[PDB]
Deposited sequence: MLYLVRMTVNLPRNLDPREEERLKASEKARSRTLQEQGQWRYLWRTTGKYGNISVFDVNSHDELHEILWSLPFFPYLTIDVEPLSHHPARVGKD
């Protein structure tokens, strides 16, 4: 199933824990994309966040994936279920 997911990032104002967090975040998203759950990843133009499409088998699968993100504590997340559009040409 497909979900359109928007995330905005707000990291704390305060060390070099920062750069290990960011590398950890980037490493996690690499795996999820490679394995197929994180189908699409874009950056909203002018923003610190992403707009994504996830392809998973349950609400809980998506929930756990998001929860597992290093950034999660600092994320504002919106989840929107997507359905097949009858006029679609090709695959959803």
property: Segments lacking C-alpha coordinates (deposited sequence numbering, starting at 1); result: 15-16
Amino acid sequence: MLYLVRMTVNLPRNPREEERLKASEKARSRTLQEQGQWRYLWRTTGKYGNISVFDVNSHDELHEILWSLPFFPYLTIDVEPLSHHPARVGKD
From here on, numbers count along this sequence of modelled residues.
query	finding
17-25 or 74-82, whichever carries the higher mean Cα B-factor	17-25
Options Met7, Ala87, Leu4, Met1 - largest CA temperature factor per the record	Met1
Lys47 by Cα B-factor - lowest, middle or highest third of the modelled chain	highest
Chain-wide C-alpha B factor ranking for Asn57, given as lowest, middle or highest third	highest
